[PDB]
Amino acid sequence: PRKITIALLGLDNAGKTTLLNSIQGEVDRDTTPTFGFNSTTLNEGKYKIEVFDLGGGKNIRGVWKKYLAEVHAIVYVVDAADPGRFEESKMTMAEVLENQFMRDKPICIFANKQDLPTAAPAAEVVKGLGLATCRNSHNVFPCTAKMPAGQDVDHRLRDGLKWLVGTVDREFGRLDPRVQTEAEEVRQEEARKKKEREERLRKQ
């Protein structure tokens, strides 16, 4: 069984953590903002998926870059019901895709909060994120991460995961050795300039 690594990105309040709970069937959990790291393992088909749940607030989202070398793909979540933020999300997503370690990796976009009256169609999200000129394979799934109490989770959550897995899968041959390598590189520089920082208060 292959292991792949996925990052949950997208602005704060988009619904990353909630979607992560729902897709596991953990329905009655409520959520607080995320300001750090949180690993979670899922299974889809013949793949075992480790999911980094990260914060997207202004004061923590600059941390994303620290993880990108270790990932095969991104789940990018957008509050489709908050078009006032599409532009911010667009910049933010563009900046991720322009990262060296993001080449050739697919993005699964969730147009979340389709329950809300202001939910923009999956179509307007496309234009809003400038996906036509994007340089990565992508797909968009409208969804409702927070279904009402006593109702099944949105099946479009696993549909999107399935597509992302399928896409990583079709390219697993060149992508995975690339990720194992590049994650090792980043890991060892972060260690070495820690070693410098560490025994540079040997100072006594």
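Numbering starts at 1 and runs along the sequence shown.
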* Asked: Given the B-factors recorded for C-alpha atoms, which segment has the greater mean, 7-15 or 184-192?
  -> 184-192
* Structure fact -> Of 51-59 and 24-32, the stretch with the higher mean C-alpha B-factor in the deposited entry is 24-32
* Structure fact -> Per the deposited entry, the peak Cα B-factor within the set 158, 138, 66, 135 goes to 135
* Of 81, 77, 91, 74, which one's C-alpha B factor is largest in the deposited record? -> 91
* Structure fact -> Binned into thirds over the chain's modelled residues, the C-alpha B-factor of residue 150 lands in the highest
* Chain third (lowest, middle, highest) by recorded CA B-factor, residue given as residue 130 -> middle
* Asked: Looking at the C-alpha B-factor of residue 106, is it in the lowest, middle or highest third of its chain?
  -> lowest
* Asked: Is the Cα B-factor recorded for residue 100 in the lowest, middle or highest third of its chain?
  -> highest
* residue 122: which third of its chain by C-alpha temperature factor? -> highest
